[PDB]
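Peer 1: mmCIF, C-alpha atoms and all ligand atoms, saved as run_1.cif, coming up:
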```cif
data_coords
#
loop_
_atom_site.group_PDB
_atom_site.id
_atom_site.type_symbol
_atom_site.label_atom_id
_atom_site.label_comp_id
_atom_site.auth_asym_id
_atom_site.auth_seq_id
_atom_site.Cartn_x
_atom_site.Cartn_y
_atom_site.Cartn_z
ATOM 1 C CA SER I 1 0.000 0.000 0.000
ATOM 2 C CA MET I 2 1.160 3.523 -0.867
ATOM 3 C CA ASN I 3 0.534 7.111 0.203
ATOM 4 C CA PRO I 4 0.642 9.885 -2.424
ATOM 5 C CA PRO I 5 3.221 12.658 -2.225
ATOM 6 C CA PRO I 6 1.972 15.276 0.262
ATOM 7 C CA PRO I 7 0.607 18.631 -0.918
ATOM 8 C CA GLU I 8 3.361 21.054 -1.856
ATOM 9 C CA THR I 9 4.305 23.703 0.719
ATOM 10 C CA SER I 10 6.835 25.577 -1.437
ATOM 11 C CA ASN I 11 6.646 26.700 -5.042
ATOM 12 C CA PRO I 12 8.997 29.488 -6.192
ATOM 13 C CA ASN I 13 6.903 30.012 -9.358
ATOM 14 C CA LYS I 14 3.778 30.693 -7.301
ATOM 15 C CA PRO I 15 3.029 34.376 -6.567
ATOM 16 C CA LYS I 16 2.819 35.177 -2.901
ATOM 17 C CA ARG I 17 2.307 38.000 -0.483
ATOM 18 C CA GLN I 18 2.082 38.720 3.213
ATOM 19 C CA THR I 19 -1.258 40.148 4.307
ATOM 20 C CA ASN I 20 -2.741 41.024 7.661
ATOM 21 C CA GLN I 21 -5.489 38.497 6.930
ATOM 22 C CA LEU I 22 -2.915 35.758 6.328
ATOM 23 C CA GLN I 23 -1.099 36.642 9.545
ATOM 24 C CA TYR I 24 -4.424 36.398 11.402
ATOM 25 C CA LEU I 25 -5.002 32.963 9.842
ATOM 26 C CA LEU I 26 -1.643 31.804 11.249
ATOM 27 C CA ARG I 27 -1.545 33.628 14.580
ATOM 28 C CA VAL I 28 -5.243 33.269 15.521
ATOM 29 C CA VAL I 29 -7.070 30.705 13.378
ATOM 30 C CA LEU I 30 -4.451 27.996 12.903
ATOM 31 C CA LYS I 31 -3.159 28.481 16.458
ATOM 32 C CA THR I 32 -6.656 28.043 17.911
ATOM 33 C CA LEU I 33 -7.311 24.784 16.081
ATOM 34 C CA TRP I 34 -3.768 23.416 16.502
ATOM 35 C CA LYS I 35 -3.876 23.488 20.312
ATOM 36 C CA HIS I 36 -7.339 21.894 20.594
ATOM 37 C CA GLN I 37 -7.588 18.447 22.197
ATOM 38 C CA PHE I 38 -9.160 17.093 18.974
ATOM 39 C CA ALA I 39 -6.470 18.505 16.662
ATOM 40 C CA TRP I 40 -4.106 15.513 16.532
ATOM 41 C CA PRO I 41 -5.747 13.518 13.651
ATOM 42 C CA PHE I 42 -5.462 16.682 11.514
ATOM 43 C CA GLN I 43 -1.887 17.811 12.268
ATOM 44 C CA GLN I 44 -0.328 15.693 9.480
ATOM 45 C CA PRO I 45 -1.413 13.979 6.238
ATOM 46 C CA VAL I 46 -3.481 10.848 6.625
ATOM 47 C CA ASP I 47 -1.092 7.866 6.502
ATOM 48 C CA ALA I 48 -3.377 5.403 4.748
ATOM 49 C CA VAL I 49 -0.759 2.630 5.045
ATOM 50 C CA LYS I 50 -0.352 2.648 8.847
ATOM 51 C CA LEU I 51 -4.060 3.327 9.278
ATOM 52 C CA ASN I 52 -4.947 0.425 6.942
ATOM 53 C CA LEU I 53 -7.212 2.644 4.803
ATOM 54 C CA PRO I 54 -6.322 1.499 1.276
ATOM 55 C CA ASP I 55 -9.418 3.239 -0.137
ATOM 56 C CA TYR I 56 -8.688 6.638 1.451
ATOM 57 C CA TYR I 57 -6.851 8.195 -1.487
ATOM 58 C CA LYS I 58 -9.213 6.447 -3.905
ATOM 59 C CA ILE I 59 -12.020 8.573 -2.461
ATOM 60 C CA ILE I 60 -10.089 11.660 -1.307
ATOM 61 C CA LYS I 61 -8.457 13.321 -4.332
ATOM 62 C CA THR I 62 -7.581 16.656 -2.667
ATOM 63 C CA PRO I 63 -6.037 15.696 0.683
ATOM 64 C CA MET I 64 -5.328 18.499 3.108
ATOM 65 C CA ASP I 65 -4.220 18.766 6.726
ATOM 66 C CA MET I 66 -3.230 21.446 9.236
ATOM 67 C CA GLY I 67 0.431 20.465 9.047
ATOM 68 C CA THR I 68 0.416 21.375 5.372
ATOM 69 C CA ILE I 69 -1.565 24.558 6.103
ATOM 70 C CA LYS I 70 0.851 25.518 8.887
ATOM 71 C CA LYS I 71 3.887 25.145 6.621
ATOM 72 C CA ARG I 72 2.109 27.001 3.789
ATOM 73 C CA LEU I 73 1.342 29.914 6.129
ATOM 74 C CA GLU I 74 4.840 29.923 7.666
ATOM 75 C CA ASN I 75 6.453 29.698 4.203
ATOM 76 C CA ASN I 76 4.191 32.488 2.860
ATOM 77 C CA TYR I 77 2.877 30.092 0.209
ATOM 78 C CA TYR I 78 -0.463 31.868 -0.250
ATOM 79 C CA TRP I 79 -1.508 34.909 -2.256
ATOM 80 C CA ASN I 80 -4.730 35.635 -0.370
ATOM 81 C CA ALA I 81 -6.728 34.539 2.634
ATOM 82 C CA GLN I 82 -9.317 32.807 0.449
ATOM 83 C CA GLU I 83 -6.718 30.272 -0.691
ATOM 84 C CA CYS I 84 -5.935 29.362 2.912
ATOM 85 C CA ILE I 85 -9.590 29.264 3.977
ATOM 86 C CA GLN I 86 -10.223 26.907 1.052
ATOM 87 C CA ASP I 87 -7.519 24.564 2.378
ATOM 88 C CA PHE I 88 -9.204 24.455 5.793
ATOM 89 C CA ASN I 89 -12.613 23.788 4.219
ATOM 90 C CA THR I 90 -11.090 21.073 2.044
ATOM 91 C CA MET I 91 -9.693 19.303 5.082
ATOM 92 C CA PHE I 92 -13.076 19.340 6.872
ATOM 93 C CA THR I 93 -14.908 18.299 3.691
ATOM 94 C CA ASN I 94 -12.586 15.314 3.153
ATOM 95 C CA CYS I 95 -13.361 14.090 6.649
ATOM 96 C CA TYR I 96 -17.113 14.364 6.064
ATOM 97 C CA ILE I 97 -16.841 12.661 2.661
ATOM 98 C CA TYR I 98 -14.793 9.721 3.805
ATOM 99 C CA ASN I 99 -16.314 8.959 7.209
ATOM 100 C CA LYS I 100 -19.816 8.180 8.546
ATOM 101 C CA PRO I 101 -21.917 10.639 10.550
ATOM 102 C CA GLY I 102 -21.371 9.985 14.229
ATOM 103 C CA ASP I 103 -17.856 8.627 13.768
ATOM 104 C CA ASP I 104 -15.590 10.125 16.429
ATOM 105 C CA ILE I 105 -13.388 11.669 13.733
ATOM 106 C CA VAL I 106 -16.428 13.566 12.420
ATOM 107 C CA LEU I 107 -17.246 14.886 15.895
ATOM 108 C CA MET I 108 -13.634 16.037 16.123
ATOM 109 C CA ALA I 109 -13.775 17.765 12.726
ATOM 110 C CA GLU I 110 -17.107 19.351 13.698
ATOM 111 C CA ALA I 111 -15.617 20.840 16.868
ATOM 112 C CA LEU I 112 -12.634 22.232 14.989
ATOM 113 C CA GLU I 113 -14.844 23.575 12.216
ATOM 114 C CA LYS I 114 -17.052 25.425 14.701
ATOM 115 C CA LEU I 115 -13.971 27.150 16.124
ATOM 116 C CA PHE I 116 -12.728 27.831 12.597
ATOM 117 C CA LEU I 117 -16.031 29.510 11.688
ATOM 118 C CA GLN I 118 -16.055 31.566 14.926
ATOM 119 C CA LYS I 119 -12.532 32.856 14.171
ATOM 120 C CA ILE I 120 -12.933 33.614 10.463
ATOM 121 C CA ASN I 121 -16.070 35.581 11.365
ATOM 122 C CA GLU I 122 -13.641 38.186 12.757
ATOM 123 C CA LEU I 123 -11.149 38.048 9.903
ATOM 124 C CA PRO I 124 -9.729 41.600 9.874
ATOM 125 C CA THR I 125 -10.357 43.977 7.006
ATOM 126 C CA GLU I 126 -7.731 43.519 4.290
ATOM 127 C CA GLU I 127 -5.375 46.448 4.841
HETATM 128 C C1 LIG J 1 -8.680 13.160 9.261
HETATM 129 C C2 LIG J 1 -8.172 11.818 9.697
HETATM 130 N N1 LIG J 1 -7.043 11.711 10.437
HETATM 131 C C3 LIG J 1 -6.794 10.395 10.757
HETATM 132 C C4 LIG J 1 -5.586 10.024 11.513
HETATM 133 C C5 LIG J 1 -5.658 9.127 12.575
HETATM 134 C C6 LIG J 1 -4.513 8.779 13.271
HETATM 135 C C7 LIG J 1 -3.288 9.323 12.918
HETATM 136 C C8 LIG J 1 -3.196 10.226 11.854
HETATM 137 N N2 LIG J 1 -1.984 10.755 11.488
HETATM 138 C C9 LIG J 1 -4.355 10.571 11.160
HETATM 139 C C10 LIG J 1 -7.810 9.627 10.204
HETATM 140 C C11 LIG J 1 -8.680 10.535 9.510
HETATM 141 C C12 LIG J 1 -9.853 10.155 8.697
HETATM 142 O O1 LIG J 1 -10.513 10.996 8.096
HETATM 143 C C13 LIG J 1 -10.228 8.698 8.633
HETATM 144 C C14 LIG J 1 -10.512 8.113 10.023
HETATM 145 C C15 LIG J 1 -9.287 7.634 10.817
HETATM 146 C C16 LIG J 1 -7.936 8.127 10.305
#
```
As structure tokens, please, write out the structure in this file.
Ligand SMILES: Cc1[nH]c(-c2cccc(N)c2)c2c1C(=O)CCCC2

Peer 2:
Amino acid sequence: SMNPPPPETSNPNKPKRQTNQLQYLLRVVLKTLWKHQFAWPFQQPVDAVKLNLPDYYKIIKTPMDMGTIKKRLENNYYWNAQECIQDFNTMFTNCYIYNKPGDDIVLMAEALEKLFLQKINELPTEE
């Protein structure tokens, strides 16, 4: 069994900028979710080999995790906040696609997503 290569966190050909919204996403949003008790399944890519999930990457074609997001934010990978928000929503969506309602992992994603939504509600004005 085989995992795919993880999502890229560096791309010198990709335009990039530092914005106050992106710093908020690192310093407030990512920090809030990273320290949560339910964060650990989401801090790195899903290892479908060790987890014995050979169908994971057959179903999930856009994997995403907070470890990748953290490195992308720290490496200034993004152009705008929307790109980073999309990555967060992709990671939650993957969890809901692959798992059953009521699975513990879904309850964990749900709790993180609630905090995510509470924090992005106060995303500062782009300035
Ligand atoms: C998001 C997610 N994370 C992890 C996991 C579990 C233990 C260790 C590591 N690194 C990752 C899983 C998962 C799923 O969606 C499928 C359900 C269980 C596996």

Peer 1: Evaluate the PyMOL selection byres (((not hetatm)) within 9 of (chain J and resi 1)) against this structure - the residues, as a compact mmCIF listing (two decimals) with C-alpha atoms, keeping the file's coordinate frame, please.

Peer 2:
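Once everything was written out, this is result-v5.txt:
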```txt
# COMPACT_ATOMS: atom_id res chain seq x y z
CA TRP I 40 -4.11 15.51 16.53
CA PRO I 41 -5.75 13.52 13.65
CA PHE I 42 -5.46 16.68 11.51
CA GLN I 43 -1.89 17.81 12.27
CA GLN I 44 -0.33 15.69 9.48
CA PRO I 45 -1.41 13.98 6.24
CA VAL I 46 -3.48 10.85 6.62
CA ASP I 47 -1.09 7.87 6.50
CA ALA I 48 -3.38 5.40 4.75
CA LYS I 50 -0.35 2.65 8.85
CA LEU I 51 -4.06 3.33 9.28
CA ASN I 52 -4.95 0.42 6.94
CA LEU I 53 -7.21 2.64 4.80
CA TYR I 56 -8.69 6.64 1.45
CA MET I 64 -5.33 18.50 3.11
CA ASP I 65 -4.22 18.77 6.73
CA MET I 91 -9.69 19.30 5.08
CA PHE I 92 -13.08 19.34 6.87
CA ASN I 94 -12.59 15.31 3.15
CA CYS I 95 -13.36 14.09 6.65
CA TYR I 96 -17.11 14.36 6.06
CA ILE I 97 -16.84 12.66 2.66
CA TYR I 98 -14.79 9.72 3.80
CA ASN I 99 -16.31 8.96 7.21
CA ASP I 103 -17.86 8.63 13.77
CA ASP I 104 -15.59 10.12 16.43
CA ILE I 105 -13.39 11.67 13.73
CA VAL I 106 -16.43 13.57 12.42
CA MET I 108 -13.63 16.04 16.12
CA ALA I 109 -13.78 17.76 12.73
```

Peer 1: What is the distance between atom CA of residue I:57 and atom CA of residue I:82, in Å to one decimal?

Peer 2: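 Interatomic distance, atom CA of residue I:57 to atom CA of residue I:82: 24.8 Å.
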
Peer 1: Residues picked by the PyMOL selection byres (((chain I and resi 8) around 12) and not hetatm) here, as an mmCIF file with C-alpha atoms, in the coordinates of the input?

Peer 2:
```cif
data_model
loop_
_atom_site.group_PDB
_atom_site.id
_atom_site.type_symbol
_atom_site.label_atom_id
_atom_site.label_comp_id
_atom_site.auth_asym_id
_atom_site.auth_seq_id
_atom_site.Cartn_x
_atom_site.Cartn_y
_atom_site.Cartn_z
ATOM 1 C CA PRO I 4 0.642 9.885 -2.424
ATOM 2 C CA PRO I 5 3.221 12.658 -2.225
ATOM 3 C CA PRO I 6 1.972 15.276 0.262
ATOM 4 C CA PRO I 7 0.607 18.631 -0.918
ATOM 5 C CA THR I 9 4.305 23.703 0.719
ATOM 6 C CA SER I 10 6.835 25.577 -1.437
ATOM 7 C CA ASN I 11 6.646 26.700 -5.042
ATOM 8 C CA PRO I 12 8.997 29.488 -6.192
ATOM 9 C CA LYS I 14 3.778 30.693 -7.301
ATOM 10 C CA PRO I 45 -1.413 13.979 6.238
ATOM 11 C CA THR I 62 -7.581 16.656 -2.667
ATOM 12 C CA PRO I 63 -6.037 15.696 0.683
ATOM 13 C CA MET I 64 -5.328 18.499 3.108
ATOM 14 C CA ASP I 65 -4.220 18.766 6.726
ATOM 15 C CA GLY I 67 0.431 20.465 9.047
ATOM 16 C CA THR I 68 0.416 21.375 5.372
ATOM 17 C CA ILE I 69 -1.565 24.558 6.103
ATOM 18 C CA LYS I 70 0.851 25.518 8.887
ATOM 19 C CA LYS I 71 3.887 25.145 6.621
ATOM 20 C CA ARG I 72 2.109 27.001 3.789
ATOM 21 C CA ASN I 75 6.453 29.698 4.203
ATOM 22 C CA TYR I 77 2.877 30.092 0.209
ATOM 23 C CA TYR I 78 -0.463 31.868 -0.250
#
```

Peer 1: Between atom CA of residue I:115 and atom CA of residue I:61, what is the spacing in Å?

Peer 2: 25.3 Å

Peer 1: Could you please determine the separation between atom CA of residue I:49 and atom CA of residue I:110 in Å, to one decimal place?

Peer 2: 24.9 Å

Peer 1: Calculated over all atoms listed in the file, which of the candidates I:59, I:22, I:107, I:28 has the smallest distance to residue I:126?

Peer 2: I:22

Peer 1: Using all atoms listed in the file, which residue out of I:13, I:60, I:119, I:76 lies closest to residue I:31?

Peer 2: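 For residue I:31, the nearest of the candidates is I:119.
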
Peer 1: N, CA, C and O atoms are what I want for stretch 50-70 of chain I; can you complete it accordingly and write them as a PDB file, keeping the file's coordinate frame?

Peer 2:
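Just written: result39.pdb:
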```
ATOM      1  N   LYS I  50      -0.285   2.996   7.424  1.00  0.00           N
ATOM      2  CA  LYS I  50      -0.352   2.648   8.847  1.00  0.00           C
ATOM      3  C   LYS I  50      -1.781   2.532   9.348  1.00  0.00           C
ATOM      4  O   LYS I  50      -2.073   1.707  10.220  1.00  0.00           O
ATOM      5  N   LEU I  51      -2.678   3.362   8.837  1.00  0.00           N
ATOM      6  CA  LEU I  51      -4.060   3.327   9.278  1.00  0.00           C
ATOM      7  C   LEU I  51      -4.865   2.236   8.589  1.00  0.00           C
ATOM      8  O   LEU I  51      -6.047   2.068   8.908  1.00  0.00           O
ATOM      9  N   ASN I  52      -4.260   1.499   7.660  1.00  0.00           N
ATOM     10  CA  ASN I  52      -4.947   0.425   6.942  1.00  0.00           C
ATOM     11  C   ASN I  52      -6.239   0.941   6.305  1.00  0.00           C
ATOM     12  O   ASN I  52      -7.327   0.402   6.513  1.00  0.00           O
ATOM     13  N   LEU I  53      -6.108   2.031   5.542  1.00  0.00           N
ATOM     14  CA  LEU I  53      -7.212   2.644   4.803  1.00  0.00           C
ATOM     15  C   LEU I  53      -6.823   2.682   3.329  1.00  0.00           C
ATOM     16  O   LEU I  53      -6.550   3.752   2.767  1.00  0.00           O
ATOM     17  N   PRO I  54      -6.796   1.524   2.666  1.00  0.00           N
ATOM     18  CA  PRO I  54      -6.322   1.499   1.276  1.00  0.00           C
ATOM     19  C   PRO I  54      -7.248   2.231   0.318  1.00  0.00           C
ATOM     20  O   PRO I  54      -6.816   2.587  -0.785  1.00  0.00           O
ATOM     21  N   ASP I  55      -8.488   2.508   0.713  1.00  0.00           N
ATOM     22  CA  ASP I  55      -9.418   3.239  -0.137  1.00  0.00           C
ATOM     23  C   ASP I  55      -9.416   4.746   0.119  1.00  0.00           C
ATOM     24  O   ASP I  55     -10.123   5.480  -0.579  1.00  0.00           O
ATOM     25  N   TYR I  56      -8.609   5.231   1.067  1.00  0.00           N
ATOM     26  CA  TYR I  56      -8.688   6.638   1.451  1.00  0.00           C
ATOM     27  C   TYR I  56      -8.389   7.551   0.268  1.00  0.00           C
ATOM     28  O   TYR I  56      -9.180   8.443  -0.065  1.00  0.00           O
ATOM     29  N   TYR I  57      -7.252   7.341  -0.382  1.00  0.00           N
ATOM     30  CA  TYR I  57      -6.851   8.195  -1.487  1.00  0.00           C
ATOM     31  C   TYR I  57      -7.519   7.801  -2.796  1.00  0.00           C
ATOM     32  O   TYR I  57      -7.339   8.490  -3.803  1.00  0.00           O
ATOM     33  N   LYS I  58      -8.316   6.734  -2.789  1.00  0.00           N
ATOM     34  CA  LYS I  58      -9.213   6.447  -3.905  1.00  0.00           C
ATOM     35  C   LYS I  58     -10.435   7.345  -3.861  1.00  0.00           C
ATOM     36  O   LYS I  58     -10.987   7.700  -4.909  1.00  0.00           O
ATOM     37  N   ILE I  59     -10.850   7.735  -2.661  1.00  0.00           N
ATOM     38  CA  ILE I  59     -12.020   8.573  -2.461  1.00  0.00           C
ATOM     39  C   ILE I  59     -11.638  10.037  -2.292  1.00  0.00           C
ATOM     40  O   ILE I  59     -12.352  10.922  -2.762  1.00  0.00           O
ATOM     41  N   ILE I  60     -10.517  10.303  -1.631  1.00  0.00           N
ATOM     42  CA  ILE I  60     -10.089  11.660  -1.307  1.00  0.00           C
ATOM     43  C   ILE I  60      -9.010  12.052  -2.304  1.00  0.00           C
ATOM     44  O   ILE I  60      -7.877  11.576  -2.215  1.00  0.00           O
ATOM     45  N   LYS I  61      -9.362  12.925  -3.258  1.00  0.00           N
ATOM     46  CA  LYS I  61      -8.457  13.321  -4.332  1.00  0.00           C
ATOM     47  C   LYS I  61      -7.782  14.662  -4.084  1.00  0.00           C
ATOM     48  O   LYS I  61      -6.850  15.015  -4.819  1.00  0.00           O
ATOM     49  N   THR I  62      -8.231  15.416  -3.082  1.00  0.00           N
ATOM     50  CA  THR I  62      -7.581  16.656  -2.667  1.00  0.00           C
ATOM     51  C   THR I  62      -7.326  16.568  -1.168  1.00  0.00           C
ATOM     52  O   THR I  62      -8.037  17.197  -0.365  1.00  0.00           O
ATOM     53  N   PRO I  63      -6.334  15.784  -0.748  1.00  0.00           N
ATOM     54  CA  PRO I  63      -6.037  15.696   0.683  1.00  0.00           C
ATOM     55  C   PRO I  63      -5.535  17.029   1.200  1.00  0.00           C
ATOM     56  O   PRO I  63      -4.889  17.794   0.481  1.00  0.00           O
ATOM     57  N   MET I  64      -5.837  17.300   2.461  1.00  0.00           N
ATOM     58  CA  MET I  64      -5.328  18.499   3.108  1.00  0.00           C
ATOM     59  C   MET I  64      -5.362  18.296   4.612  1.00  0.00           C
ATOM     60  O   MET I  64      -6.203  17.560   5.131  1.00  0.00           O
ATOM     61  N   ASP I  65      -4.403  18.923   5.291  1.00  0.00           N
ATOM     62  CA  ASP I  65      -4.220  18.766   6.726  1.00  0.00           C
ATOM     63  C   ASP I  65      -3.614  20.047   7.288  1.00  0.00           C
ATOM     64  O   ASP I  65      -3.043  20.855   6.555  1.00  0.00           O
ATOM     65  N   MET I  66      -3.724  20.218   8.611  1.00  0.00           N
ATOM     66  CA  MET I  66      -3.230  21.446   9.236  1.00  0.00           C
ATOM     67  C   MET I  66      -1.710  21.530   9.227  1.00  0.00           C
ATOM     68  O   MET I  66      -1.152  22.635   9.319  1.00  0.00           O
ATOM     69  N   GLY I  67      -1.016  20.394   9.152  1.00  0.00           N
ATOM     70  CA  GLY I  67       0.431  20.465   9.047  1.00  0.00           C
ATOM     71  C   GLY I  67       0.833  21.143   7.758  1.00  0.00           C
ATOM     72  O   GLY I  67       1.670  22.055   7.742  1.00  0.00           O
ATOM     73  N   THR I  68       0.194  20.730   6.661  1.00  0.00           N
ATOM     74  CA  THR I  68       0.416  21.375   5.372  1.00  0.00           C
ATOM     75  C   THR I  68       0.025  22.843   5.410  1.00  0.00           C
ATOM     76  O   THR I  68       0.757  23.694   4.899  1.00  0.00           O
ATOM     77  N   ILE I  69      -1.135  23.161   5.998  1.00  0.00           N
ATOM     78  CA  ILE I  69      -1.565  24.558   6.103  1.00  0.00           C
ATOM     79  C   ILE I  69      -0.561  25.366   6.917  1.00  0.00           C
ATOM     80  O   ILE I  69      -0.186  26.486   6.544  1.00  0.00           O
ATOM     81  N   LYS I  70      -0.111  24.814   8.041  1.00  0.00           N
ATOM     82  CA  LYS I  70       0.851  25.518   8.887  1.00  0.00           C
ATOM     83  C   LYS I  70       2.122  25.858   8.114  1.00  0.00           C
ATOM     84  O   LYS I  70       2.600  27.001   8.149  1.00  0.00           O
TER      85      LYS I  70
END
```
